[PDB]
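J.: One structure, pasted below without further comment.
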Amino acid sequence: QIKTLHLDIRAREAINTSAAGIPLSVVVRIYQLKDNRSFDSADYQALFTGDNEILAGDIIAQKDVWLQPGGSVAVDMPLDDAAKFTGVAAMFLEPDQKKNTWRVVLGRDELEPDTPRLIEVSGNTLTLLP
(Lines give C-alpha, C1' and ligand atoms only; values in the text may rest on other atoms or scores of the structure.)
Protein backbone atom coordinates (compact mmCIF):
# COMPACT_ATOMS: atom_id res chain seq x y z
CA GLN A 1 0.00 0.00 0.00
CA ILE A 2 2.61 2.51 1.12
CA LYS A 3 5.89 2.17 -0.85
CA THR A 4 7.31 5.57 0.13
CA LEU A 5 7.33 7.59 3.33
CA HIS A 6 6.32 11.18 2.40
CA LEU A 7 6.73 13.90 5.02
CA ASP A 8 6.75 17.69 4.62
CA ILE A 9 8.51 19.22 7.67
CA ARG A 10 7.92 22.94 7.79
CA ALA A 11 9.28 25.48 10.26
CA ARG A 12 7.69 28.70 11.48
CA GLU A 13 10.02 31.71 11.65
CA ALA A 14 10.52 31.28 15.42
CA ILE A 15 11.73 27.75 16.14
CA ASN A 16 14.19 26.26 18.60
CA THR A 17 15.01 29.61 20.15
CA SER A 18 17.97 30.25 22.39
CA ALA A 19 17.47 31.72 25.86
CA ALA A 20 17.87 35.15 24.22
CA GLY A 21 14.91 34.26 21.93
CA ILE A 22 17.02 33.87 18.78
CA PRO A 23 15.61 31.26 16.32
CA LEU A 24 18.05 28.46 15.54
CA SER A 25 18.06 25.58 13.08
CA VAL A 26 17.22 22.19 14.54
CA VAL A 27 18.09 18.58 13.70
CA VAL A 28 15.04 16.42 13.16
CA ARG A 29 15.52 12.66 13.22
CA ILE A 30 13.19 10.40 11.28
CA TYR A 31 12.99 6.73 12.36
CA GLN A 32 11.45 3.76 10.62
CA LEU A 33 10.47 1.47 13.47
CA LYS A 34 9.48 -2.17 13.85
CA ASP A 35 7.51 -1.25 16.97
CA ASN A 36 6.69 1.89 18.97
CA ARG A 37 7.01 0.84 22.61
CA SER A 38 10.73 1.44 23.15
CA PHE A 39 10.69 4.69 21.17
CA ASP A 40 7.66 6.02 23.03
CA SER A 41 9.10 5.09 26.47
CA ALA A 42 12.50 6.67 25.77
CA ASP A 43 13.17 10.11 27.23
CA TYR A 44 14.96 12.79 25.24
CA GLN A 45 18.39 11.91 26.67
CA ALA A 46 17.85 8.18 26.04
CA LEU A 47 16.58 8.61 22.53
CA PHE A 48 19.41 10.93 21.43
CA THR A 49 22.46 10.00 23.59
CA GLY A 50 21.53 6.58 25.08
CA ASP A 51 22.61 2.99 24.41
CA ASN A 52 19.18 1.36 24.37
CA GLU A 53 19.74 -1.85 22.43
CA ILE A 54 16.01 -2.64 22.40
CA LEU A 55 15.55 0.74 20.70
CA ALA A 56 18.49 0.04 18.36
CA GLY A 57 16.83 -3.33 17.54
CA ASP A 58 13.61 -1.52 16.54
CA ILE A 59 15.19 1.02 14.19
CA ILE A 60 15.24 -0.17 10.57
CA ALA A 61 16.37 3.14 9.05
CA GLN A 62 17.00 6.66 10.27
CA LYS A 63 17.56 10.02 8.61
CA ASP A 64 18.79 13.27 10.19
CA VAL A 65 17.66 16.50 8.53
CA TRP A 66 18.55 20.10 9.33
CA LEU A 67 15.58 22.47 9.45
CA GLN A 68 16.21 26.22 9.18
CA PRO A 69 13.90 28.74 10.83
CA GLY A 70 11.20 29.57 8.28
CA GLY A 71 12.43 26.65 6.14
CA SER A 72 11.15 23.25 5.07
CA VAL A 73 12.42 19.74 4.38
CA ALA A 74 10.75 17.16 2.13
CA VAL A 75 11.31 13.53 3.15
CA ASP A 76 10.56 10.99 0.36
CA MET A 77 12.14 7.83 1.68
CA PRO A 78 11.48 4.13 0.83
CA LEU A 79 9.22 2.83 3.61
CA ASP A 80 10.36 -0.60 4.73
CA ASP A 81 7.58 -3.16 4.75
CA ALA A 82 8.48 -3.99 8.40
CA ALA A 83 8.20 -0.33 9.48
CA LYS A 84 4.97 -0.41 11.46
CA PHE A 85 5.70 3.12 12.83
CA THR A 86 7.55 6.23 11.79
CA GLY A 87 8.93 8.35 14.61
CA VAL A 88 9.93 11.98 14.13
CA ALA A 89 11.86 13.66 16.95
CA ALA A 90 13.43 17.12 17.05
CA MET A 91 16.72 17.69 18.87
CA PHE A 92 15.42 20.90 20.44
CA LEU A 93 17.59 22.92 22.78
CA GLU A 94 14.61 23.19 25.15
CA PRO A 95 12.34 20.13 24.69
CA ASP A 96 9.14 20.17 26.73
CA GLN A 97 9.59 16.80 28.34
CA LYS A 98 6.51 17.21 30.56
CA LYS A 99 4.16 17.79 27.62
CA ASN A 100 6.01 15.39 25.25
CA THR A 101 5.70 17.84 22.33
CA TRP A 102 9.17 17.27 20.81
CA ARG A 103 8.27 14.15 18.85
CA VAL A 104 5.38 12.53 16.98
CA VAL A 105 4.80 8.93 15.91
CA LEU A 106 2.79 7.78 12.91
CA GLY A 107 1.40 4.33 12.34
CA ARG A 108 1.32 3.01 8.76
CA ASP A 109 -2.45 3.78 8.62
CA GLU A 110 -1.58 7.45 9.13
CA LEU A 111 0.55 7.72 6.00
CA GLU A 112 -0.65 8.36 2.45
CA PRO A 113 0.83 6.76 -0.67
CA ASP A 114 1.24 9.90 -2.76
CA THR A 115 0.63 12.82 -0.40
CA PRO A 116 2.89 13.93 2.45
CA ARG A 117 2.01 14.28 6.07
CA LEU A 118 2.75 17.83 7.19
CA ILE A 119 4.70 18.30 10.41
CA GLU A 120 4.86 21.88 11.72
CA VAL A 121 7.84 22.97 13.83
CA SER A 122 6.89 25.99 15.93
CA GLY A 123 8.93 27.17 18.91
CA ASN A 124 9.99 23.99 20.70
CA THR A 125 7.13 21.83 19.40
CA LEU A 126 6.22 19.42 16.57
CA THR A 127 2.62 19.13 15.40
CA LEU A 128 1.07 16.91 12.74
CA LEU A 129 -1.22 19.18 10.57
CA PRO A 130 -3.64 18.81 7.64
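Residue numbers start at 1 in each chain; chains themselves are named A, B, ... in the order of the C-alpha coordinates; ligands are numbered from 1 in the order shown.
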Taking the DSSP assignment computed from this structure's backbone, write out as a PyMOL selection string all residues of chain A that belong to strand (DSSP E or B).
T.: chain A and resi 4-15+26-33+59-67+72-78+85-90+103-107+117-123+125-129
J.: With a distance cut-off of 10 Å and only C-alpha atoms, select the neighbouring residues of region 4-14 of chain A, excluding the residue or stretch itself and same-chain residues fewer than 5 positions from it, and output the selection as a ChimeraX atom specification.
T.: /A:21-26,28,30,32,65,67-81,86,88,108,111-124,126-128
J.: Record the distance separating CA of residue 59 (chain A) and CA of residue 105 (chain A), expressed in Å with one decimal.
T.: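 Taking CA of residue 59 (chain A) as the start and CA of residue 105 (chain A) as the end point, the length is 13.2 Å.
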J.: Please report the interatomic distance between CA of residue 102 (chain A) and CA of residue 35 (chain A) in Å with one decimal.
T.: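 Interatomic distance, CA of residue 102 (chain A) to CA of residue 35 (chain A): 19.0 Å.
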J.: If you run DSSP on the backbone, which residues of region 2-109 of chain A are helix (DSSP H, G or I), as a PyMOL selection string?
T.: chain A and resi 37-41+44-49+53-58+108-109
J.: Just want the 6 Å neighbourhood of residue 27 (chain A), counted on only C-alpha atoms, with same-chain residues fewer than 2 positions away dropped. Output as a list in words.
T.: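 Within the cut-off, the hits are residues 65, 66, 90 and 91 of chain A.
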J.: Go through A:43, A:104, A:33, A:18 one by one, measure the shortest atom-to-atom distance of each to residue 92 (chain A) using only C-alpha atoms, and give the residue with the smallest value.
T.: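 Ranked by minimum distance to residue 92 (chain A), first place goes to A:18.
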J.: Calculate how many Å separate CA of residue 93 (chain A) from CA of residue 57 (chain A), rounding to one decimal.
T.: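 Here the two named atoms are 26.8 Å from each other.
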J.: Could you tell me which of A:125, A:62, A:41, A:36 comes closest to residue 107 (chain A) if we count only C-alpha atoms?
T.: A:36
J.: Pick the closest to residue 94 (chain A) from A:129, A:60, A:19, A:2: which is it, counting only C-alpha atoms?
T.: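 For residue 94 (chain A), the nearest of the candidates is A:19.
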